[PDB]
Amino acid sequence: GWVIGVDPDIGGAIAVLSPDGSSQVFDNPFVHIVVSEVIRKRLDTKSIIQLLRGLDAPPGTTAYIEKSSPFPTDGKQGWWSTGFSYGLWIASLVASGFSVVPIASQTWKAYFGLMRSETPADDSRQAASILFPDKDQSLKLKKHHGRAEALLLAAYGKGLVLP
């Protein structure tokens, strides 16, 4: 009963669920780098691999990762970034011994009843708070939706249900 969930974007997170029901969630490590004479956030490859190497989850644990699906109206830098983040995470997960299962955002949203909300990020945090009450304090900021998404991905993969 080990499951990993990964929201791969720059404000994303990785959640780890263990057989005893406990949970962990880590913000995606990033660094500030210079691109075309401005500052950009990019995921921190070496920190991600060290994080994955430090997990207690055994080899073969399944990691559910949100499928990249940039909108056609998103700009070309958005497409590059979502592609880059996805490839960095997939390779790090495979290299660390995990079985990687891409999941569409539509799949886990429909599973928890979060399709077509007016406030989708607030709702994600509320749903994750109910599934993981001991994470309640770690979900109270609006910027914490990435943590919520990672936890709901993992919850999906484990088959948890809302009460």
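In case it trips you up, residue 1 is the first one in the sequence shown, and so on.
Annotation for 139-147 versus 9-17: the higher mean temperature factor (C-alpha) is found in 139-147. Relative to its counterpart among 67-75 and 82-90, 67-75 has the higher mean temperature factor, C-alpha atoms as listed in the PDB entry. Per the deposited coordinates, the residue with the largest Cα temperature factor out of 103, 48, 128, 110 is 110. Among the modelled residues of its chain, residue 31 has a C-alpha B-factor that falls in the middle third according to the deposited record. Among the modelled residues of its chain, residue 39 has a C-alpha B-factor that falls in the middle third according to the deposited record. Per the deposited record, the Cα B-factor of residue 3 falls in the middle third when ranked against the other modelled residues of its chain.
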